[PDB]
Amino acid sequence: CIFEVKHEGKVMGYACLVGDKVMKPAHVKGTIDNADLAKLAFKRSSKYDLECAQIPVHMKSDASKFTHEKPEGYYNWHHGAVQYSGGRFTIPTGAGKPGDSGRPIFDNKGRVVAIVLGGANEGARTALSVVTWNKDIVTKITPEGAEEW
Amino acid sequence: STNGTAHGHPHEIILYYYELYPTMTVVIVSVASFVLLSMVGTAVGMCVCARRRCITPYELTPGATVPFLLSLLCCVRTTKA
Amino acid sequence: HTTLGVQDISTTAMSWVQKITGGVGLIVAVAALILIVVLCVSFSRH
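Chains as they are written, first to last, in the UniProt record's numbering: chain A, 113 to 261; chain B, 668 to 748; chain C, 1203 to 1248.
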């Protein structure tokens, strides 16, 4: 589900197969390091700093679901456990660095809950800046002073 | 000399050309062309606005279809497969 | 004497044709504004 955007042979960010689309932050330079994915036609959206396309039928089995359902508590992500509360995802400062954008924040049933874009350092913990699903539609939460990873 | 009847409708309108003229009609034609351009520009803007409306709901997931009819001719045809 | 630059008559008839032009311009102006309004609604929604 996770694929890496490369630029001049260097990993800039990531691309993710969520739902039935293929996502990757718009700001990320490079092209998805995957033939099938690279040749696609993406639709940019500067408001969301998102850039989606549709997953080829032969990879649709490889997507990762999603959900608007996110009760206060702990979520899962590659570097550990994210914490959700007060309408904000946070992590121990230091556990997320530039080059972690695109990485999904799963729940315990595997449903992708948000996609990290960057984080604002507010001391002990960093409030993440994520792309999250609302009632049905996509949304973007960006804590004051975020540093785009 | 020539007769510049009233109309009608239009018809006569062109008859006046002969009366006081060389010109007259050409300027009116230019004005008509400008009006057409305004009409065309409006339509182009409207289509772009229609895109602006179908935007958001351009990603994926159920949710119209739905308002896609009633739905400014695309809307649909668009929702589907 | 006579001879001068119009426009002039012929009233009525003249108004008939004039009324046909400019109305569509107002329509597309209003529609443009309405589209902007909806756009702002979306911006607020986000």
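Idealized CB from N, CA, C, for every residue including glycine.
- When beta bridges are read from the DSSP output, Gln166/A appears opposite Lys133/A.
- Distances from the CA of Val228/A to each of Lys252/A, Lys247/A, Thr205/A, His119/A were compared; the closest alpha carbon is that of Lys252/A.
- With fewer than 16 other beta carbons inside 10 angstroms of its own, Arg156/A counts as exposed.
- A Cβ-Cβ separation of about 6 Å places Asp174/A in contact with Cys113/A under the 8 Å criterion.
- Within the region 689-708 of chain B, contact with chain C at the beta-carbon level (separation under 7 Å) is assigned to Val702, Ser705, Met706.
- DSSP places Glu184/A in the coil class of the three-state scheme, outside both helix and strand.
- The DSSP-derived three-state label of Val140/A is coil.
- Not a single CB atom of chain C sits nearer than 9 Å to the CB of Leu739/B.
- Judged by pairs of C-beta atoms under 8 Å, the region 671-686 of chain B does not touch the region 739-746 of chain B, as fewer than three such pairs exist.
- Looking at the DSSP output, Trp245/A shares a beta bridge with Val250/A.
- With a threshold of 9 Å between beta carbons, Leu687/B makes contact with chain C.
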